[PDB]
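Just the one chain here, the form deposited in one PDB entry, laid out as structure tokens.
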């Protein structure tokens, strides 16, 4: 019975095979067939290529040796040579991840398999090495082990590397599927009793793989974007003032992108966006907003007014030494980011909001008058009195998050007449069913985060209506003229798409995105669609 799957890199997890460039170069340069491939393997076990693959020498040292081998071969075949570096730079550059092969490895691992990459590779010291470094980073994170010939000083098809593989997997050979594009490198695994698959075209190899494992790997749905394992992330902490520290998770390099969650959420609400945005070439900073998770939660209502929250986010940038960040918010975080754009445009590279529209303050109406008007905002009046909503939300955390985090068709709450009914969960189940958007483990993460500070700080975001209104009136003569994106969600019944209809009057150059069949919890409801919209916008309007 199988419990381990091993994949080669070149011609299996990454295509086209860098091997398959010597053949194409021969064809393109009208050189004798197999001339370059024979120069590459010249000397066999003691040749320059084996020394490279075992880590004895680096790629830049190997280039001149491959060059002499090519001359020696052209002399014997009685032919004239017309740059090995250019050939290899182009071949490595063209090699991209084989997405259906990676998808199969991901599924096997999701089903309990131990997965590994076993590869004959080199120590790359070329000026262009970063490309390969990026490829290896993207791939390796999805596997339990990465065994590289140049690091272990052993090469396929030597028998020692297969014994080393079995030792690292902690598995007997019959428990292992081994996939390779080189039949000779497949032979020692077969001899040991491993299931072996010779990879030519991906589809056929995956058919052989699903047949031998009994798991559907081809024609399969989805899947969801890569998520975050909280214990595997870099966690950052900045003191913005004596009693206030902000926590964030950080991933990637490039322009800084600050993600700001809503109520009652976490940095973890961006779990599907963090790996995608970092892979797209951005430095992601996913915040625990003030009052949440590992960030400080002072009890005072006034600590949560927009003017202080924005001032603190500017201090956060100052302490990290960032002159700007792109700010992307959702829900309350979306309101924060529009106010960052209005009050601190010099610090905001670009602004995006999910669901939350930009609506200016009405100087002729109190915020309470504006709230009472729309029946959907009744729960907000319930949130005003300190202690009342805290008690209901804190009473059973698992129930709170399971009742809240639901898709549009899983509706368990009716936010109209919340005050009259006397609560959010008054006619809601004690033991709600788990939404299709979340796992039990994901709910328990929110439960654990909320055990530290509870709901006082988060609910305080709603208790500064008058204060926020007075501050926002100072901006009534301004327009938002920095790059901006508004993303509406068709089925968010609180932050309806129509509420954004007048935004062009204040943000003339506004760009838009729209997600169909998407409820309030945008990032987890439609993560693939969110990622597509944000990456497209960042690349065109934000930079690097």
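Positions refer to the first chain, counted from 1. What we label the rigid core is the largest C-alpha set whose atoms superpose within 1.5 Å from one form to the other.
Comparing 451 to 459 and 404 to 412 where Cα RMS over structures and residues is taken in 9 other deposited structures of this protein (core fit), larger one: Looking at 404 to 412 and 451 to 459 in 9 other deposited structures of this protein, the bigger mover is 404 to 412.
Count class of coordinate-free deposited residues lying between the neighbours residue 82 and residue 83: Just 1 to 3 residues are missing between them.
Entry-level comparison of average CA B-factors, 294 to 302 and 426 to 434, reporting the higher stretch: Comparing 294 to 302 with 426 to 434, the higher average CA B-factor belongs to 426 to 434.
Of 30 to 38 and 488 to 496, the stretch whose C-alpha atoms average the higher B-factor in the entry: Here the higher of the two C-alpha B-factor means belongs to 30 to 38.
Member of 459, 194, 127, 342 with the greatest C-alpha B factor (per the PDB record): Among 459, 194, 127, 342, the PDB entry lists the largest C-alpha B-factor for 194.
250, 409, 148, 312, ranked by C-alpha B-factor: the highest one: Answer, based on the entry's C-alpha B-factors: 409.
B-factor third for the C-alpha atom of residue 2 within its chain: Highest third.
Residue 483 CA temperature factor, ranked by third within the chain: It falls in the bottom third of the chain.
Within-chain third of residue 256 by Cα B-factor, per the entry: Bottom third by C-alpha B-factor.
B-factor third for the C-alpha atom of residue 100 within its chain: Residue 100: CA B-factor falls in the middle third of its chain.
Third of chain Cα B-factors occupied by residue 467: It falls in the middle third of the chain.
This protein has a second form, the form solved in complex with a small molecule, left out of what is shown; the following refers to that one.
All of 332, 361 and 464 with a heavy atom within 4.5 Å of the small molecule in the deposited complex: Yes, the whole candidate spot contacts the small molecule.
Proximity to the small molecule in the deposited complex, single hit among 344, 450, 113, 469 (heavy atom within 4.5 Å): Here the answer is residue option 469.
Selected contact from 306, 161, 179, 257, since only one has a non-hydrogen atom within 4.5 angstroms of the small molecule in the deposited complex: Checked against the cut-off, the match is 306.
Contact test in the deposited complex: residue 74 vs the small molecule, heavy atoms, 4.5 Å: Residue 74: no contact with the small molecule in the deposited complex.
4.5 angstroms heavy atom contact with the small molecule in the deposited complex for residue 315: The answer is no: residue 315 has no heavy atom within 4.5 Å of the small molecule.
Contact flag, residue 370 vs the small molecule in the deposited complex, heavy atom cut 4.5 Å: Answer yes; at least one heavy atom of residue 370 falls within 4.5 Å of the small molecule in the deposited complex.
Close approach of residue 98 to the small molecule in the deposited complex, 4.5 Å, heavy atom: The answer is no: residue 98 has no heavy atom within 4.5 Å of the small molecule.
Region of this chain that lies against the small molecule in the deposited complex, out of 273 to 281, 248 to 256, 469 to 477, 129 to 137 [heavy atom, 4.5 Å]: After filtering at 4.5 Å, what remains is 469 to 477.
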